[PDB]
>>> print(open('final_17.cif').read())   # mmCIF, C-alpha atoms and all ligand atoms
data_work
loop_
_atom_site.group_PDB
_atom_site.id
_atom_site.type_symbol
_atom_site.label_atom_id
_atom_site.label_comp_id
_atom_site.auth_asym_id
_atom_site.auth_seq_id
_atom_site.Cartn_x
_atom_site.Cartn_y
_atom_site.Cartn_z
ATOM 1 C CA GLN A 3 -40.919 -44.946 19.861
ATOM 2 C CA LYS A 4 -38.731 -47.314 21.869
ATOM 3 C CA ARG A 5 -39.454 -45.484 25.099
ATOM 4 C CA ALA A 6 -43.145 -45.346 24.238
ATOM 5 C CA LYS A 7 -42.863 -49.119 24.477
ATOM 6 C CA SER A 8 -41.245 -49.247 27.914
ATOM 7 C CA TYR A 9 -43.661 -46.584 29.117
ATOM 8 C CA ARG A 10 -46.691 -48.385 27.750
ATOM 9 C CA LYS A 11 -45.727 -51.207 30.114
ATOM 10 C CA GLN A 12 -45.213 -48.880 33.070
ATOM 11 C CA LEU A 13 -48.514 -47.003 32.662
ATOM 12 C CA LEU A 14 -50.269 -50.340 32.816
ATOM 13 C CA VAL A 15 -49.383 -50.865 36.431
ATOM 14 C CA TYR A 16 -50.580 -47.392 37.416
ATOM 15 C CA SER A 17 -53.868 -48.150 35.745
ATOM 16 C CA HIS A 18 -54.255 -51.636 37.139
ATOM 17 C CA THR A 19 -52.694 -51.726 40.551
ATOM 18 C CA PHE A 20 -53.341 -48.023 41.222
ATOM 19 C CA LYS A 21 -56.637 -47.184 39.525
ATOM 20 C CA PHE A 22 -55.242 -44.371 37.300
ATOM 21 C CA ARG A 23 -57.587 -43.279 34.479
ATOM 22 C CA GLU A 24 -57.377 -40.818 31.592
ATOM 23 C CA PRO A 25 -56.901 -37.967 31.696
ATOM 24 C CA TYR A 26 -53.756 -38.114 33.760
ATOM 25 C CA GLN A 27 -53.440 -35.298 36.291
ATOM 26 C CA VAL A 28 -50.019 -33.825 36.128
ATOM 27 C CA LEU A 29 -48.558 -31.282 38.515
ATOM 28 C CA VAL A 30 -45.842 -29.318 36.841
ATOM 29 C CA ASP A 31 -43.338 -27.600 39.103
ATOM 30 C CA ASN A 32 -41.772 -24.171 38.666
ATOM 31 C CA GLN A 33 -38.307 -25.351 37.643
ATOM 32 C CA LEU A 34 -39.743 -27.507 34.880
ATOM 33 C CA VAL A 35 -41.749 -24.552 33.668
ATOM 34 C CA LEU A 36 -38.750 -22.182 33.512
ATOM 35 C CA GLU A 37 -36.680 -24.878 31.901
ATOM 36 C CA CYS A 38 -39.205 -25.695 29.179
ATOM 37 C CA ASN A 39 -39.673 -22.043 28.501
ATOM 38 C CA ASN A 40 -36.099 -20.924 28.074
ATOM 39 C CA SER A 41 -35.340 -23.993 25.943
ATOM 40 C CA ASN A 42 -38.574 -23.900 23.936
ATOM 41 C CA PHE A 43 -39.841 -27.319 24.921
ATOM 42 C CA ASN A 44 -43.560 -27.797 24.380
ATOM 43 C CA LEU A 45 -44.468 -28.975 27.892
ATOM 44 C CA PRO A 46 -48.116 -29.779 27.135
ATOM 45 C CA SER A 47 -47.436 -31.897 24.035
ATOM 46 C CA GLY A 48 -44.433 -33.397 25.786
ATOM 47 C CA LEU A 49 -46.666 -34.822 28.514
ATOM 48 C CA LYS A 50 -49.390 -36.067 26.144
ATOM 49 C CA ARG A 51 -46.586 -37.728 24.185
ATOM 50 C CA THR A 52 -45.045 -39.522 27.115
ATOM 51 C CA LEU A 53 -48.283 -40.389 28.895
ATOM 52 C CA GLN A 54 -49.908 -41.411 25.629
ATOM 53 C CA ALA A 55 -53.344 -40.229 26.767
ATOM 54 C CA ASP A 56 -55.300 -37.045 27.533
ATOM 55 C CA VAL A 57 -53.556 -35.087 30.278
ATOM 56 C CA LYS A 58 -54.809 -32.344 32.480
ATOM 57 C CA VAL A 59 -51.752 -30.244 33.162
ATOM 58 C CA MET A 60 -51.822 -28.195 36.344
ATOM 59 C CA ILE A 61 -49.641 -26.098 38.622
ATOM 60 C CA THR A 62 -50.057 -25.397 42.314
ATOM 61 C CA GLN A 63 -50.521 -21.850 43.493
ATOM 62 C CA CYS A 64 -47.214 -22.070 45.393
ATOM 63 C CA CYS A 65 -45.336 -23.111 42.254
ATOM 64 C CA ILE A 66 -46.804 -20.362 40.151
ATOM 65 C CA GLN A 67 -46.269 -17.782 42.887
ATOM 66 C CA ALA A 68 -42.598 -18.724 42.990
ATOM 67 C CA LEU A 69 -42.600 -18.301 39.223
ATOM 68 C CA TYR A 70 -44.207 -14.899 39.776
ATOM 69 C CA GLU A 71 -41.237 -13.837 41.890
ATOM 70 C CA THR A 72 -38.791 -14.579 39.098
ATOM 71 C CA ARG A 73 -40.638 -11.988 37.090
ATOM 72 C CA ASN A 74 -39.522 -14.266 34.246
ATOM 73 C CA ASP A 75 -42.380 -12.895 32.190
ATOM 74 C CA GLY A 76 -42.072 -15.775 29.704
ATOM 75 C CA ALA A 77 -42.356 -18.662 32.104
ATOM 76 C CA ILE A 78 -45.281 -16.955 33.904
ATOM 77 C CA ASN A 79 -47.546 -16.644 30.822
ATOM 78 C CA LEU A 80 -46.977 -20.311 30.174
ATOM 79 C CA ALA A 81 -47.925 -21.449 33.647
ATOM 80 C CA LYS A 82 -51.142 -19.467 33.198
ATOM 81 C CA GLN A 83 -52.372 -21.607 30.342
ATOM 82 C CA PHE A 84 -52.319 -24.492 32.783
ATOM 83 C CA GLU A 85 -55.136 -25.234 35.184
ATOM 84 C CA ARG A 86 -54.469 -23.988 38.704
ATOM 85 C CA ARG A 87 -54.520 -26.422 41.579
ATOM 86 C CA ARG A 88 -55.824 -24.376 44.453
ATOM 87 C CA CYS A 89 -53.699 -25.597 47.362
ATOM 88 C CA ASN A 90 -54.718 -24.210 50.732
ATOM 89 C CA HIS A 91 -51.379 -22.623 51.539
ATOM 90 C CA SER A 92 -50.693 -19.482 53.611
ATOM 91 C CA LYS A 97 -44.531 -22.682 51.198
ATOM 92 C CA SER A 98 -41.710 -23.748 48.918
ATOM 93 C CA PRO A 99 -42.775 -25.301 45.595
ATOM 94 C CA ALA A 100 -41.174 -28.555 46.710
ATOM 95 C CA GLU A 101 -43.058 -28.909 49.958
ATOM 96 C CA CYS A 102 -46.249 -27.757 48.305
ATOM 97 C CA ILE A 103 -46.250 -30.532 45.773
ATOM 98 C CA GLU A 104 -45.149 -33.043 48.383
ATOM 99 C CA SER A 105 -48.040 -32.196 50.729
ATOM 100 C CA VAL A 106 -50.535 -32.234 47.868
ATOM 101 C CA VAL A 107 -49.301 -35.544 46.426
ATOM 102 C CA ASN A 108 -48.387 -37.327 49.666
ATOM 103 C CA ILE A 109 -51.421 -37.911 51.854
ATOM 104 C CA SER A 110 -50.345 -40.374 54.563
ATOM 105 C CA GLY A 111 -47.861 -42.064 52.283
ATOM 106 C CA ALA A 112 -50.506 -42.534 49.590
ATOM 107 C CA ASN A 113 -51.047 -40.768 46.279
ATOM 108 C CA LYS A 114 -54.693 -40.385 47.132
ATOM 109 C CA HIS A 115 -55.467 -38.114 44.206
ATOM 110 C CA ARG A 116 -53.387 -40.019 41.640
ATOM 111 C CA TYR A 117 -51.186 -37.175 40.481
ATOM 112 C CA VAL A 118 -48.232 -37.514 38.230
ATOM 113 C CA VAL A 119 -45.454 -35.113 38.978
ATOM 114 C CA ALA A 120 -43.206 -33.450 36.467
ATOM 115 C CA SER A 121 -40.325 -31.767 38.259
ATOM 116 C CA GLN A 122 -36.683 -30.856 37.675
ATOM 117 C CA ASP A 123 -36.059 -31.077 41.389
ATOM 118 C CA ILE A 124 -34.243 -34.371 41.791
ATOM 119 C CA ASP A 125 -34.590 -33.829 45.548
ATOM 120 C CA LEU A 126 -38.374 -33.645 45.338
ATOM 121 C CA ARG A 127 -38.469 -36.700 43.087
ATOM 122 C CA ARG A 128 -36.367 -38.796 45.455
ATOM 123 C CA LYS A 129 -38.737 -38.194 48.294
ATOM 124 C CA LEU A 130 -41.788 -38.864 46.140
ATOM 125 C CA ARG A 131 -40.528 -42.294 44.988
ATOM 126 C CA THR A 132 -41.126 -43.254 48.575
ATOM 127 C CA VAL A 133 -44.853 -42.891 47.983
ATOM 128 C CA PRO A 134 -46.251 -45.855 46.019
ATOM 129 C CA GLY A 135 -47.890 -45.054 42.687
ATOM 130 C CA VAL A 136 -46.455 -41.685 41.676
ATOM 131 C CA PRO A 137 -45.410 -41.422 38.062
ATOM 132 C CA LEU A 138 -42.413 -39.102 37.779
ATOM 133 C CA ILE A 139 -41.447 -37.100 34.717
ATOM 134 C CA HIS A 140 -38.559 -34.767 33.952
ATOM 135 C CA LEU A 141 -36.538 -33.198 31.149
ATOM 136 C CA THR A 142 -33.043 -34.437 30.324
ATOM 137 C CA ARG A 143 -30.938 -31.441 29.361
ATOM 138 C CA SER A 144 -29.171 -30.927 26.031
ATOM 139 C CA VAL A 145 -25.541 -31.925 25.911
ATOM 140 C CA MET A 146 -22.710 -31.430 23.471
ATOM 141 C CA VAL A 147 -21.048 -34.627 22.295
ATOM 142 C CA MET A 148 -17.964 -35.542 20.309
ATOM 143 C CA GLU A 149 -18.306 -38.576 18.069
ATOM 144 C CA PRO A 150 -15.976 -41.438 18.895
ATOM 145 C CA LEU A 151 -12.798 -41.581 16.841
ATOM 146 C CA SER A 152 -13.444 -42.525 13.215
ATOM 147 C CA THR A 153 -11.934 -45.686 11.800
ATOM 148 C CA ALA A 154 -10.065 -43.580 9.214
ATOM 149 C CA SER A 155 -8.572 -41.556 12.069
ATOM 150 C CA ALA A 156 -7.720 -44.916 13.671
ATOM 151 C CA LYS A 157 -5.843 -46.251 10.620
ATOM 152 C CA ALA A 158 -3.463 -43.275 10.607
ATOM 153 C CA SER A 159 -2.325 -44.268 14.100
ATOM 154 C CA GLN B 3 -16.162 -35.863 33.193
ATOM 155 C CA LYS B 4 -16.923 -39.436 32.230
ATOM 156 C CA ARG B 5 -16.699 -37.643 28.878
ATOM 157 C CA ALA B 6 -13.914 -35.140 29.666
ATOM 158 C CA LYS B 7 -11.839 -38.229 30.444
ATOM 159 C CA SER B 8 -12.821 -40.042 27.246
ATOM 160 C CA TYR B 9 -12.465 -36.934 25.081
ATOM 161 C CA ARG B 10 -9.017 -36.250 26.524
ATOM 162 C CA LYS B 11 -7.772 -39.548 25.069
ATOM 163 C CA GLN B 12 -9.390 -38.791 21.748
ATOM 164 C CA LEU B 13 -7.817 -35.331 21.456
ATOM 165 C CA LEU B 14 -4.470 -37.014 22.104
ATOM 166 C CA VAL B 15 -4.471 -38.704 18.718
ATOM 167 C CA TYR B 16 -5.676 -35.582 16.896
ATOM 168 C CA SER B 17 -2.740 -33.700 18.378
ATOM 169 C CA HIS B 18 -0.291 -36.603 18.199
ATOM 170 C CA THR B 19 -0.955 -37.948 14.724
ATOM 171 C CA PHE B 20 -2.765 -34.998 13.128
ATOM 172 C CA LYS B 21 -1.094 -32.012 14.770
ATOM 173 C CA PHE B 22 -4.266 -30.348 16.029
ATOM 174 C CA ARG B 23 -3.368 -27.453 18.343
ATOM 175 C CA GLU B 24 -5.154 -25.042 20.607
ATOM 176 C CA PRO B 25 -6.845 -22.960 19.513
ATOM 177 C CA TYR B 26 -9.092 -25.361 17.691
ATOM 178 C CA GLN B 27 -10.508 -24.284 14.370
ATOM 179 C CA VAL B 28 -14.163 -25.240 14.541
ATOM 180 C CA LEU B 29 -16.634 -24.932 11.688
ATOM 181 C CA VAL B 30 -20.142 -24.528 12.938
ATOM 182 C CA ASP B 31 -22.916 -25.300 10.471
ATOM 183 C CA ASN B 32 -26.262 -23.521 10.116
ATOM 184 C CA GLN B 33 -28.405 -26.228 11.710
ATOM 185 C CA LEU B 34 -26.299 -26.303 14.854
ATOM 186 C CA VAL B 35 -26.448 -22.548 15.275
ATOM 187 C CA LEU B 36 -30.200 -22.578 14.705
ATOM 188 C CA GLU B 37 -30.802 -25.251 17.314
ATOM 189 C CA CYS B 38 -28.477 -23.617 19.841
ATOM 190 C CA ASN B 39 -30.475 -20.437 19.525
ATOM 191 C CA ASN B 40 -33.783 -22.248 19.915
ATOM 192 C CA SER B 41 -32.348 -24.280 22.900
ATOM 193 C CA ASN B 42 -30.531 -21.338 24.428
ATOM 194 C CA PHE B 43 -27.488 -23.608 24.527
ATOM 195 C CA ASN B 44 -24.278 -21.581 24.748
ATOM 196 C CA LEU B 45 -22.536 -22.769 21.591
ATOM 197 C CA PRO B 46 -19.147 -21.090 22.125
ATOM 198 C CA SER B 47 -19.011 -22.296 25.735
ATOM 199 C CA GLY B 48 -20.059 -25.799 24.746
ATOM 200 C CA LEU B 49 -17.328 -26.152 22.130
ATOM 201 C CA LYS B 50 -14.696 -24.694 24.499
ATOM 202 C CA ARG B 51 -15.646 -27.286 27.093
ATOM 203 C CA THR B 52 -15.823 -30.386 24.926
ATOM 204 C CA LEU B 53 -12.523 -29.650 23.174
ATOM 205 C CA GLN B 54 -10.837 -28.825 26.471
ATOM 206 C CA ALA B 55 -9.068 -25.745 25.073
ATOM 207 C CA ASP B 56 -9.667 -22.315 23.558
ATOM 208 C CA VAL B 57 -11.433 -22.388 20.180
ATOM 209 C CA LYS B 58 -11.890 -20.103 17.247
ATOM 210 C CA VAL B 59 -15.528 -20.521 16.246
ATOM 211 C CA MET B 60 -16.175 -19.902 12.570
ATOM 212 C CA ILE B 61 -18.949 -20.222 10.050
ATOM 213 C CA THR B 62 -18.657 -20.267 6.268
ATOM 214 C CA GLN B 63 -20.440 -17.662 4.196
ATOM 215 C CA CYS B 64 -22.560 -20.399 2.678
ATOM 216 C CA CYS B 65 -23.738 -21.492 6.132
ATOM 217 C CA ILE B 66 -24.623 -17.983 7.185
ATOM 218 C CA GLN B 67 -26.461 -17.242 3.966
ATOM 219 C CA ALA B 68 -28.728 -20.220 4.663
ATOM 220 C CA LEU B 69 -29.414 -18.713 8.066
ATOM 221 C CA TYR B 70 -30.363 -15.399 6.472
ATOM 222 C CA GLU B 71 -33.061 -17.195 4.456
ATOM 223 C CA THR B 72 -34.674 -18.717 7.565
ATOM 224 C CA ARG B 73 -35.299 -15.136 8.657
ATOM 225 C CA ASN B 74 -34.743 -16.275 12.218
ATOM 226 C CA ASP B 75 -33.173 -13.108 13.611
ATOM 227 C CA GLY B 76 -31.900 -14.652 16.833
ATOM 228 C CA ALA B 77 -29.913 -17.411 15.143
ATOM 229 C CA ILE B 78 -28.762 -14.986 12.455
ATOM 230 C CA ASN B 79 -27.387 -12.630 15.113
ATOM 231 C CA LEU B 80 -25.811 -15.488 16.976
ATOM 232 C CA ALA B 81 -23.977 -16.492 13.818
ATOM 233 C CA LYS B 82 -22.933 -12.898 13.181
ATOM 234 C CA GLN B 83 -20.850 -13.008 16.289
ATOM 235 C CA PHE B 84 -18.678 -15.792 14.879
ATOM 236 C CA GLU B 85 -15.580 -15.429 12.786
ATOM 237 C CA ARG B 86 -16.551 -15.594 9.116
ATOM 238 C CA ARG B 87 -14.881 -18.275 7.065
ATOM 239 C CA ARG B 88 -14.769 -16.872 3.529
ATOM 240 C CA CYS B 89 -15.286 -19.492 0.870
ATOM 241 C CA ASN B 90 -15.268 -18.679 -2.803
ATOM 242 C CA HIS B 91 -18.745 -19.902 -3.475
ATOM 243 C CA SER B 92 -21.060 -17.946 -5.669
ATOM 244 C CA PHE B 93 -23.921 -17.833 -8.093
ATOM 245 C CA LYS B 94 -21.073 -19.053 -10.296
ATOM 246 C CA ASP B 95 -20.024 -21.892 -7.957
ATOM 247 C CA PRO B 96 -23.132 -22.316 -5.729
ATOM 248 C CA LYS B 97 -23.124 -24.698 -2.771
ATOM 249 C CA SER B 98 -25.396 -25.906 0.037
ATOM 250 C CA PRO B 99 -24.047 -25.579 3.613
ATOM 251 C CA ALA B 100 -23.208 -29.307 3.589
ATOM 252 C CA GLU B 101 -21.379 -29.148 0.264
ATOM 253 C CA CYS B 102 -19.659 -25.955 1.390
ATOM 254 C CA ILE B 103 -18.260 -27.470 4.569
ATOM 255 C CA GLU B 104 -17.213 -30.620 2.811
ATOM 256 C CA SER B 105 -15.269 -28.811 0.074
ATOM 257 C CA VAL B 106 -13.487 -26.839 2.740
ATOM 258 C CA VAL B 107 -12.745 -29.751 5.081
ATOM 259 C CA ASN B 108 -12.122 -32.545 2.548
ATOM 260 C CA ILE B 109 -9.121 -31.512 0.517
ATOM 261 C CA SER B 110 -7.931 -34.253 -1.801
ATOM 262 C CA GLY B 111 -8.851 -36.740 0.910
ATOM 263 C CA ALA B 112 -7.199 -34.896 3.803
ATOM 264 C CA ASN B 113 -8.294 -32.324 6.399
ATOM 265 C CA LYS B 114 -5.604 -29.902 5.274
ATOM 266 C CA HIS B 115 -6.701 -27.030 7.528
ATOM 267 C CA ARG B 116 -7.372 -29.219 10.535
ATOM 268 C CA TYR B 117 -10.963 -28.187 11.008
ATOM 269 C CA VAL B 118 -13.179 -29.666 13.633
ATOM 270 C CA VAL B 119 -16.750 -29.847 12.475
ATOM 271 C CA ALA B 120 -19.719 -29.149 14.690
ATOM 272 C CA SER B 121 -22.969 -30.039 12.918
ATOM 273 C CA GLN B 122 -26.471 -31.472 13.324
ATOM 274 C CA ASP B 123 -26.397 -32.861 9.779
ATOM 275 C CA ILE B 124 -25.898 -36.599 10.155
ATOM 276 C CA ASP B 125 -25.352 -36.959 6.420
ATOM 277 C CA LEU B 126 -22.576 -34.390 6.436
ATOM 278 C CA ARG B 127 -21.117 -36.081 9.500
ATOM 279 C CA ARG B 128 -21.146 -39.484 7.797
ATOM 280 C CA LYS B 129 -19.478 -38.147 4.658
ATOM 281 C CA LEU B 130 -16.740 -36.561 6.747
ATOM 282 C CA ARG B 131 -15.796 -39.615 8.840
ATOM 283 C CA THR B 132 -14.357 -40.771 5.532
ATOM 284 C CA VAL B 133 -11.625 -38.135 5.840
ATOM 285 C CA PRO B 134 -8.952 -39.077 8.380
ATOM 286 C CA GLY B 135 -8.576 -36.667 11.264
ATOM 287 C CA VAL B 136 -11.733 -34.613 11.470
ATOM 288 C CA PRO B 137 -13.210 -34.186 14.946
ATOM 289 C CA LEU B 138 -16.996 -34.175 14.876
ATOM 290 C CA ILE B 139 -19.328 -32.557 17.370
ATOM 291 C CA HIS B 140 -23.125 -32.251 17.687
ATOM 292 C CA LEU B 141 -25.989 -31.521 20.082
ATOM 293 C CA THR B 142 -28.332 -34.091 21.604
ATOM 294 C CA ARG B 143 -31.986 -33.057 21.826
ATOM 295 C CA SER B 144 -33.269 -32.391 25.340
ATOM 296 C CA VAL B 145 -35.868 -35.061 25.957
ATOM 297 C CA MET B 146 -38.821 -35.613 28.262
ATOM 298 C CA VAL B 147 -38.488 -38.808 30.265
ATOM 299 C CA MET B 148 -40.479 -40.856 32.745
ATOM 300 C CA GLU B 149 -38.538 -42.405 35.616
ATOM 301 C CA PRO B 150 -38.623 -46.193 35.759
ATOM 302 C CA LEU B 151 -41.210 -47.743 38.036
ATOM 303 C CA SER B 152 -40.330 -47.232 41.711
ATOM 304 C CA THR B 153 -39.776 -50.104 44.114
ATOM 305 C CA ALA B 154 -42.620 -48.839 46.280
ATOM 306 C CA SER B 155 -44.839 -49.126 43.195
ATOM 307 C CA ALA B 156 -43.548 -52.602 42.233
ATOM 308 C CA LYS B 157 -43.960 -53.907 45.799
ATOM 309 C CA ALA B 158 -47.672 -53.028 45.873
ATOM 310 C CA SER B 159 -48.383 -54.578 42.433
HETATM 311 ZN ZN ZN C 1 -49.255 -24.725 47.927
HETATM 312 ZN ZN ZN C 2 -19.246 -21.736 0.737
#
>>> encode(input="final_17.cif", output="structure tokens", more="lines below")
Ligand SMILES: [Zn+2]
Ligand SMILES: [Zn+2]
Amino acid sequence: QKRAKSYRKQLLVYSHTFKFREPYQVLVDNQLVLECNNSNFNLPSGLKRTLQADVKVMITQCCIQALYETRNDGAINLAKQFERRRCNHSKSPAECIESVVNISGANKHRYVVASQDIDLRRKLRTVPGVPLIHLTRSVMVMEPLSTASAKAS
Amino acid sequence: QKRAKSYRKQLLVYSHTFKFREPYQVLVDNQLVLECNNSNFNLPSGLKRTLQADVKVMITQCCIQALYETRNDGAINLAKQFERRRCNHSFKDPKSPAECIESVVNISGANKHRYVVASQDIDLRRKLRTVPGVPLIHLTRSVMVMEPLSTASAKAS
């Protein structure tokens, strides 16, 4: 809800200064796919939620090939529901996405990229107008000390 | 470690004033188990890490019976690997998981058995902070996020 607010403001600039229009085109990388699979995160609905608009969710042939090699039969089937972006390659998932998104330092095709590869994200921020999405992992927390615990000192 | 550091200082009072000792006696409720199965989060490893010591992971019979009813075989089997905490709760004295844990942790106003409670039930958590000296643990939901606008984006505005 609260984030939907901050995001609403961010999307605006992609639409105005960058000419982005529904449905957003989102390249999903292999790591994100694995991740969402073995933690049961609905990747499709997750993107429509955060982008707050129709999204076309896609995966490059290099990313899905890499998935193929994991023989992680569960990730694979998921990737397949997505629309394939036919890259003209032969590379690593990372470089694939980079060369597809980064055309002469411009996001010519107005992709958004959802990746768990913080290395790929860093080098995409360089390119102006590239929305970046990722999944924050689950963590185990201990509540701060209660006041009743406090008063026993 | 930002946490490991913080948690270290918190455990100090539980051991100092409340006499908590490795291995920690942790009650794990049915919601937490369920969500750790669906997230593939290693519950026993998580607890061992956050408490910074070996732990005996237990679940009351009331909590596991609730799991049985969900007919979620993965969570059920996860629970089955835990030490069972026998309560004397029945068709005679029936209790929900929350009421079960509370009756077993809150003894005349004191955590007599020095349980730590790991639970996704905020209401149970709130009722337990009442009792002095009960460590509380829970899982955050993994969330999808969009990075904040990049400088390269802002500059071109
Ligand atoms: Zn490619
Ligand atoms: Zn019980």
>>> closest_atom_pairs(input="final_17.cif", of="chain A", to="ligand ZN 1 (chain C)", cutoff="7 Å", atoms="all atoms listed in the file", output="CSV")
residue,atom,partner,partner_atom,distance
A:62,CA,C:ZN1,ZN,5.7
A:63,CA,C:ZN1,ZN,5.4
A:64,CA,C:ZN1,ZN,4.2
A:89,CA,C:ZN1,ZN,4.6
A:90,CA,C:ZN1,ZN,6.2
A:91,CA,C:ZN1,ZN,4.7
A:97,CA,C:ZN1,ZN,6.1
A:99,CA,C:ZN1,ZN,6.9
A:102,CA,C:ZN1,ZN,4.3
A:103,CA,C:ZN1,ZN,6.9
>>> residues_near_ligand(input="final_17.cif", ligand="ligand ZN 2 (chain C)", cutoff="8 Å", atoms="all atoms listed in the file", output="list in words")
residues 62, 63, 64, 65, 88, 89, 90, 91, 92, 96, 97, 98, 99, 101, 102, 103 and 106 of chain B
>>> resolve_selection(input="final_17.cif", expression="the PyMOL selection byres (((chain B and resi 151) around 10) and not hetatm)", output="count of residues only")
20
>>> resolve_selection(input="final_17.cif", expression="the PyMOL selection byres ((chain A) within 8 of (chain B))", output="JSON, numbers by chain")
{"A": [9, 12, 15, 19, 40, 41, 42, 48, 49, 52, 131, 132, 133, 134, 135, 136, 137, 138, 139, 140, 141, 142, 143, 144, 145, 146, 147, 148, 149, 150, 151, 152, 153, 154, 155, 156, 158, 159]}
>>> atom_distance(input="final_17.cif", atom1="CA of residue 31 (chain A)", atom2="CA of residue 76 (chain A)")
15.2 Å
>>> atom_distance(input="final_17.cif", atom1="CA of residue 86 (chain A)", atom2="CA of residue 67 (chain A)")
11.1 Å
>>> closest_residue(input="final_17.cif", among="A:114, A:87, A:73, A:157", to="residue 59 (chain A)", atoms="all atoms listed in the file")
A:87
>>> atom_distance(input="final_17.cif", atom1="CA of residue 68 (chain A)", atom2="CA of residue 98 (chain A)")
7.8 Å
>>> resolve_selection(input="final_17.cif", expression="the PyMOL selection byres (((chain B and resi 123) around 9) and not hetatm)", output="tab-separated table (two decimals) with C-alpha atoms, in the frame of the given file")
chain	number	residue	atom	x	y	z
B	31	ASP	CA	-22.92	-25.30	10.47
B	33	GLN	CA	-28.40	-26.23	11.71
B	34	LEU	CA	-26.30	-26.30	14.85
B	100	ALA	CA	-23.21	-29.31	3.59
B	121	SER	CA	-22.97	-30.04	12.92
B	122	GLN	CA	-26.47	-31.47	13.32
B	124	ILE	CA	-25.90	-36.60	10.15
B	125	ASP	CA	-25.35	-36.96	6.42
B	126	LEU	CA	-22.58	-34.39	6.44
B	127	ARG	CA	-21.12	-36.08	9.50
B	128	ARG	CA	-21.15	-39.48	7.80
B	140	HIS	CA	-23.12	-32.25	17.69
>>> build_atoms(input="final_17.cif", residues="region 34-50 of chain B", atoms="N, CA and C atoms", output="tab-separated table (two decimals), in the coordinates of the input")
chain	number	residue	atom	x	y	z
B	34	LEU	N	-26.75	-26.39	13.48
B	34	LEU	CA	-26.30	-26.30	14.85
B	34	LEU	C	-26.55	-24.93	15.46
B	35	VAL	N	-26.27	-23.87	14.71
B	35	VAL	CA	-26.45	-22.55	15.28
B	35	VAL	C	-27.92	-22.34	15.60
B	36	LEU	N	-28.76	-22.78	14.67
B	36	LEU	CA	-30.20	-22.58	14.70
B	36	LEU	C	-30.74	-23.21	15.97
B	37	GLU	N	-30.36	-24.47	16.17
B	37	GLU	CA	-30.80	-25.25	17.31
B	37	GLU	C	-30.22	-24.77	18.63
B	38	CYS	N	-29.07	-24.09	18.60
B	38	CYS	CA	-28.48	-23.62	19.84
B	38	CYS	C	-29.16	-22.34	20.25
B	39	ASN	N	-29.71	-21.64	19.26
B	39	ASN	CA	-30.48	-20.44	19.52
B	39	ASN	C	-31.84	-20.80	20.09
B	40	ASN	N	-32.50	-21.75	19.44
B	40	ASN	CA	-33.78	-22.25	19.92
B	40	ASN	C	-33.71	-23.01	21.26
B	41	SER	N	-32.55	-23.59	21.61
B	41	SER	CA	-32.35	-24.28	22.90
B	41	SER	C	-31.74	-23.38	23.96
B	42	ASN	N	-31.26	-22.22	23.53
B	42	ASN	CA	-30.53	-21.34	24.43
B	42	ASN	C	-29.26	-21.98	24.97
B	43	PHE	N	-28.77	-22.98	24.25
B	43	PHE	CA	-27.49	-23.61	24.53
B	43	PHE	C	-26.35	-22.70	24.09
B	44	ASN	N	-25.42	-22.45	25.01
B	44	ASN	CA	-24.28	-21.58	24.75
B	44	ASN	C	-23.30	-22.32	23.85
B	45	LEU	N	-23.35	-22.02	22.55
B	45	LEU	CA	-22.54	-22.77	21.59
B	45	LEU	C	-21.04	-22.58	21.83
B	46	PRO	N	-20.59	-21.32	21.92
B	46	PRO	CA	-19.15	-21.09	22.12
B	46	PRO	C	-18.64	-21.73	23.41
B	47	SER	N	-19.42	-21.68	24.48
B	47	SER	CA	-19.01	-22.30	25.74
B	47	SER	C	-18.99	-23.81	25.62
B	48	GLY	N	-19.99	-24.36	24.94
B	48	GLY	CA	-20.06	-25.80	24.75
B	48	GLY	C	-18.83	-26.33	24.04
B	49	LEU	N	-18.53	-25.78	22.86
B	49	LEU	CA	-17.33	-26.15	22.13
B	49	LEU	C	-16.04	-26.03	22.98
B	50	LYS	N	-15.90	-24.92	23.70
B	50	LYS	CA	-14.70	-24.69	24.50
B	50	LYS	C	-14.53	-25.78	25.55
